[PDB]
Amino acid sequence: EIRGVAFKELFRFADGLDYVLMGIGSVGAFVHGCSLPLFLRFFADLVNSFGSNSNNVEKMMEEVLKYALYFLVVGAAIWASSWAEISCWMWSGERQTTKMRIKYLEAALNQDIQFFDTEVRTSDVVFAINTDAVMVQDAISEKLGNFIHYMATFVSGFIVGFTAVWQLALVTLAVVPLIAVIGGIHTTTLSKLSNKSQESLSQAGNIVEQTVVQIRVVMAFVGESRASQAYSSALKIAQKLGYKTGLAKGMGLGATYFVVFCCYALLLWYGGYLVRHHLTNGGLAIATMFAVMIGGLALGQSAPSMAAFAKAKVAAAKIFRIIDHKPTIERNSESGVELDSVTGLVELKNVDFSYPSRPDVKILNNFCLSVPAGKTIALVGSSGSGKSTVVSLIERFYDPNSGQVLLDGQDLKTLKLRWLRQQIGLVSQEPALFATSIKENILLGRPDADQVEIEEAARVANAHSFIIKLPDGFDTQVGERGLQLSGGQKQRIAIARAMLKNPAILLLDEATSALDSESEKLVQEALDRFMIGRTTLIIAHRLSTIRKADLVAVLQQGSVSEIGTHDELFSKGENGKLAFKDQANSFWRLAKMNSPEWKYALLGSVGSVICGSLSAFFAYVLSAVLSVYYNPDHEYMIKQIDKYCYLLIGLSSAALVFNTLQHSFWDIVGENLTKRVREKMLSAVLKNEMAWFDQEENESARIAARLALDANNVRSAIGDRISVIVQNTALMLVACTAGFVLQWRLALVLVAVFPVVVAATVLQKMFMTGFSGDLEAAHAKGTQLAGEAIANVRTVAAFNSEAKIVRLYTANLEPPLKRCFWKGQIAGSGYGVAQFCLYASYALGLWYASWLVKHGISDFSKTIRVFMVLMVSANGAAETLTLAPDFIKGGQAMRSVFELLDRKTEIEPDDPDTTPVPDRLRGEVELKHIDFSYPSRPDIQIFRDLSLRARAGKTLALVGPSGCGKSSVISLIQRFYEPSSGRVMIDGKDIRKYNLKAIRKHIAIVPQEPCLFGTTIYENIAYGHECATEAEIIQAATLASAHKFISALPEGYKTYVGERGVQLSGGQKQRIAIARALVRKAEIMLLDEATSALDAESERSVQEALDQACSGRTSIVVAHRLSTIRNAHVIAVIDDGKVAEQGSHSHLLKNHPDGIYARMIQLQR
């Protein structure tokens, strides 16, 4: 393996235009990075001019106008630099990435099958195609531009700070590592607790997933309550972990605020000290502090670029390894003969391929094809001696061991290596259809063909008429993902594609595509009477054209068996717009269902408000301190600065306290809300139908994913976003109030530019996040096509369509190229315009402050205070707007949660009130006029008006044929699937109007696949019954002949078992399930098949256990029941669900069992 290549090597796919783009983008990034500290210096100069010249109004007005013009210049420079950076970097990255994918696909498809067998796998190649975005579309596309921009910002900030005020620059550069380490500790602790809480949520996910995977036994034994308890307990652990994260986040953020304010208080004092000794100015001091912070933050933001560079170096090393390899098969270099006779006579002295996946084996030894030209030959064999390898041998995949292969007296090795594939038409088991058009998927066999013979290929062979009446249209891009769900049309299209290909040599294969349609008759209609006859191996059907083939050519032990007449058989065991009113109502309902926590939530809200005010207060103090810097009275200045520093220390203490308070309390209410939501979701899902769990949409893994994802994202969004909106609204309110009470009509014009500032700062936040959207989905179609081509590399090499596939790949990756260029240009222009308007707004505000001061309307202090307070208010509003999309996502997840909760269920496990049930019954249950009871597939019909009657204290052993709904009759009794017209009469009355949990506690079942709970055996039997205790568990185990093995387990009587643990043998799990059914000690004991492949003695033990279970009370057993039936009074032998005579095993009436039971007994004996 490789740990990465040199960074420069990532640019070997850059032409002159790419070099120009990278140079322009680098220059733009450098200037954009240097611009911000330059604007800080210009702001310092403007504030110095606007405060130090208070007496000389004309001079300060002129200098403020000059520096507003400089602000406009900086805005234009940022516009140009950001446009250049964003657009050029995105375009160059897109171009290099696209040509990288193109070259990688062509190099990979050029490789031989050995490269995909012993070298880098097909799945690894598809994964590299996937992660080429991380490889070259991340590091050098935009992350390189961000790295250059942030390094420029860091260097420029340091230079500006050190030139302006070097004393303050040094002390602030000493300060920055403190805030850095405090922030690092906060993030480290928060992330650590978040990971731990994630593991607790993962355990909860396992619980709900296990609950839904075995929902059958869970719902049957009314284990919904048990599942809820387990899920709630796991939720509780994560809830406690969430409380820890809440304290950590509040403490860490409060500590960071405590550190900054305290550090600034000293720095502000030190700036006052510097103003006293006339070293620098107040504006210079403020700019120096801000520049040092900005440089440190720039380095912090540039570190992720280095991480991306490292991971991209590793990935680029992977694809450099893959491309730099050249195939070993190309030694011929197309230097053979292309004039051999089309009537090829392949002779194979040796056929061994020696698969490099499992080398040094000889699964094929001396098999000789010797196929007659024009006569359809066959081939049969076993999987362990795979016959498809022979097909590979004729396709010249270049793995010789001892012998050689000759084509009509000509070696394949010294031949064309390209014309060979031109004769050889191949259709393997998979259809190997690509994402491109069906017309293209037929054309690529013969590129030179026009549409006439393209249509003729699907007309003469197979059936083109399906395409004629195809609803989507004549030409289709194979639909979206799959046009044909059945897959037979895929086989017909593959055969038509091979028919456009030269029919000289066919290699038609088994084509085991689960055919149960006209697909067979069309396959025997397509290329079963073709004029020539070549190799054709088929195992799908014992009779499919294999008779019609003249030579059987039996293959086994790596050699050909008796060949010739096919009449004789061989000894084998072959079988054969969106309204927001609804969202507001949903949020109101969520708040109402979260009523008990409101108090604490409200308390946290209070803290949030305080936090917001504190921030604004801090800003005010900062601005106020600036005002105190330009004051002739030094003693009054010292008193004011000391008062402000003490107030800032108090602000830091309150910030710490109320930050911990707000974040702890908001995370407490969020944790409680999400836990309650999860519990309601589980209660609602466990209150659903069985068909609901059987629905295609409600996959178990997808139910778990839905619950976990929507719960956690709703928690995060609702909680954190509402916290930040509350605190930022408090910030904005107190900030606007302070500005208006200090000096109105300047706050008015700053509010006039408020949308400009908030929009520019939102775009700044987006630029920090990144302007490239979902990068993997940008090349989704090209990635999918590349993956399909790689997985089907055998077909691609066989049809000589690798160049055509690469051209299709270029046609697929061009639209992403154009879209990325346009998006980069639009993003650059928009960001530049936003920044220019931001700096124009800043210059206008400062100039209007100067105008107010000159006219005597106000003074410097009030103006600067209002300005810096309104600018932090705008920053807070920007945070609110940029976190609004989290509100959107939370709203969509909320409506998902509410459609999950508010859905109604036809079957009610916990009914409000029904007819009370007697404690003990007699067990007589009757199923009259029942139906299929499978709403998932109503087209299939089973149990055609079935009439089944049980008997009190008597077992029924209906067997039926295979696949007749054998294990579904029991589902009728427990109301799992509701019959549309049937009647399940229990103890004289229909069960529908009766209770569900109480009666379902009176019936036990053993599922076809017995299941496990938790990790031990005791918990399952304990799950079986609340009175299971230990004695009842042991006696039930003895009844199921299990205790003897339970006491004989390698570890104690409860070992490590379960789906998540280590599973036992099949018979042991059978007996555990039976023992649990017995410990349920139910009046009705439904049973199922339990002896699929059990050992003989185990089979007898299971038979005995079932005998005792059936002798206990009324029971229903639906196993195969070849013998030891314990003389069931009737056996409902139903043929495909229809009404039939209830012949018994004792053969009282030798009419129905004689016609059905006799032959299956004879076969089983």
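Residues numbered from 1 in each chain as written, not as in the entry; some residues may be left out. Heavy atoms only, no water.

(A) Structural view of the overall build of the protein chain. When you go through the protein chain residue by residue, the secondary structure sums to 37 helices and 15 strands. Counting only C-alpha atoms and orienting by the principal axes, one finds that the protein chain spans roughly 125 × 90 × 55 Å. Within the protein chain, the fraction of its 1165 residues that count as buried is 52%. Per element, the accessible surface of the protein chain, about 51800 Å² overall, is 61% carbon and sulfur. One way to put it: in the protein chain the 118 positive side-chain charges average out to a point 5 Å from where the 113 negative ones average out. (Helix = DSSP H or I, 4+ residues; strand = E, 2+ residues; numbered from the N terminus. Buried < 20%, exposed > 50% of the residue type's maximum accessible area, 1.4 Å probe, protein only. Areas by Shrake-Rupley, 256 points an atom, 1.4 Å probe, with all protein chains shown as cover. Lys, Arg positive; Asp, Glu negative; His and termini not counted. Charge placed at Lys NZ, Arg CZ, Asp CG, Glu CD.)

(B) Representation of the pairing of strand 9 (residues 925–930) in the model. As paired elements, strand 9 and strand 11 (residues 983–986) share 4 bridges and run antiparallel to each other. The residue of strand 11 that forms the bridge with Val925 is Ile986. Where strand 9 and strand 10 (residues 946–949) come together, 4 bridges link them in antiparallel fashion. Paired with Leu927 across the bridge in strand 10 is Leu948. (Pairing = 2+ DSSP bridges.)

(C) Structural detail: the side chain of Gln167. Following the sequence through the fold, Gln167 ends up in helix 6 (residues 166–213). Not counting the four nearest positions on each side in its chain, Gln167 is found in contact with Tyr270, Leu274 and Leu279. (Contact = heavy atoms within 4.5 Å.)

(D) Main features of the sheet that holds strand 12 (residues 989–990). One open sheet holds the 4 strands; their spatial order is 10-9-11-12, and the pairing between them is antiparallel. Two strands bound the open sheet, and with one partner strand each, they are strand 10 and strand 12.

(E) Fine view of the packing of aromatic side chains. Applying the stated criterion across every chain, the model contains 36 aromatic pairs. With 5.8 Å between their ring centres and 15° between their planes, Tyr264 and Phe618 make a pair best called stacked. When its relative accessible area of 14% is taken as the criterion, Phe618 is described as buried. The structure contains a cluster of three or more aromatic residues connected by ring pairs, namely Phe39, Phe43, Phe71, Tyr839, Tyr842 and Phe867. The ring centre of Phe898 lies 4.0 Å from the NZ or CZ of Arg589, which sits over that ring. Taking NZ or CZ as reference, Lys993 lies 6.0 Å from the ring centre of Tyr994, over its face. (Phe/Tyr/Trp six-rings, centres within 6.5 Å; stacked < 30°, edge-to-face > 60°. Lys NZ or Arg CZ within 6 Å of the ring centre and 35° of its normal.)

(F) Geometry of the packing of helix 6 against helix 9 (residues 282–324). For the pair helix 6 and helix 9, the least separation of the axes is 9 Å and the interaxial angle reads 40°. In terms of their interaxial angle, helix 6 and helix 9 are classed as oblique. For the pair helix 6 and helix 9, the sense of crossing is right-handed. Counted together, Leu168, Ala169, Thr172, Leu173, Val176 and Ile179 of helix 6 and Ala285, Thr288, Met289, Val292, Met293 and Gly296 of helix 9 form the full contact between these two elements. Its residues placed into classes, the contact of helix 6 with helix 9 shows 9 nonpolar, 3 polar and no charged. (Axes fitted to C-alpha atoms, helices over the stretch in contact; angles between N-to-C directions. Parallel < 35°, antiparallel > 145°, perpendicular 65-115°, else oblique. Left-handed = near helix turned anticlockwise from the far one by under 90°. Nonpolar A, V, L, I, M, F, W, Y, C, P; charged D, E, K, R; others polar.)

(G) Spotlight on the sheet that holds strand 14 (residues 1084–1086). Across the sheet, 3 strands lie side by side as 13-14-15; this open sheet has parallel pairing. Lying at the two open borders of the sheet, with one neighbouring strand each, are strand 13 (1003–1004) and strand 15 (1115–1116). Across 2 bridges, strand 13 lies against strand 14 in parallel orientation. By the bridge assignment for strand 14, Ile1003 is matched with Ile1084.

(H) Main features of the domain arrangement of the protein chain. Its domain assignment divides the protein chain into domain 1 (1–165 + 304–330 + 768–857), domain 2 (169–279 + 579–743 + 859–905) and domain 3 (332–576). Between the C-alpha centres of domain 1 and domain 3 there is a distance of 49 Å. Buried area between domain 1 and domain 3, both sides added, is near 2400 Å², and the carbon and sulfur share of it is 58%. Considering only the side of domain 1, the residues that lose the most area to domain 3 are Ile329, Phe799 and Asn800, jointly responsible for 26% of the buried surface there. For the pair domain 1 and domain 3, the interface holds 0 salt bridges. (Domains from an automatic or database assignment. Buried area = accessible area lost by both parts, 1.4 Å probe. Salt bridge = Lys/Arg side-chain N within 4 Å of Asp/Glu carboxyl O.)

(I) Here's a closer look at the packing of helix 1 (residues 16–51) against helix 9. Axis separation between helix 1 and helix 9 bottoms out at 8 Å; the angle between their running directions is 165°. Considered as vectors, helix 1 and helix 9 are oriented roughly antiparallel to each other. In this structure, helix 1 meets helix 9 at a crossing whose hand is right-handed. On the side of helix 1, the interface is formed by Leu40, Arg41, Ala44, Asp45 and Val47, while helix 9 contributes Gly283, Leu284, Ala287, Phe290, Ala291 and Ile294.

(J) Spatial organisation of the environment of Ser81. Mapped onto the secondary structure, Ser81 falls in helix 2 (residues 57–110). Overall, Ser81 belongs to the buried group, its relative accessible area being 6%. Each C-alpha atom of the pair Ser81 and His32 lies 5.1 Å from the other, and the pair is 49 residues apart in sequence. When neighbours within four sequence positions are excluded, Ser81 is seen to be in contact with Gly28, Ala29, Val31 and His32.

(K) Fine view of the side chain of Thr674. Along the chain, the position of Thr674 falls in helix 19 (residues 634–685). According to the relative accessible area criterion, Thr674 is buried, its value standing at 4%. Once residues within four sequence positions are removed from consideration, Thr674 is found in contact with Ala711, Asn712 and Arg715.

(L) Main features of unusual backbone geometry. Unlike most non-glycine residues, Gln557 shows phi in positive territory, near 55°. With a phi close to 55°, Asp945 is a non-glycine residue in the positive phi region. Mapping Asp945 onto the fold places it in the loop between strand 9 and strand 10.

(M) Local environment of the pattern of salt bridges. The final tally for this structure, using the stated rule, is 25 salt bridges. Ionic pairing is found between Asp15 and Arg95, a salt bridge with its closest N-O pair at 2.7 Å. Of this pair, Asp15 sits in the segment before helix 1 while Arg95 sits in helix 2; the two residues are 80 residues apart in sequence, bridging distant segments of the chain. The class for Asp15 is partly exposed, based on a relative accessible area of 36%. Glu978 is the partner of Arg975 in a salt bridge, and the nearest nitrogen-oxygen pair spans 3.6 Å. A relative accessible area of 6% means that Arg975 is categorised as buried. On the accessibility criterion, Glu978 (31% relative accessible area) is partly exposed.

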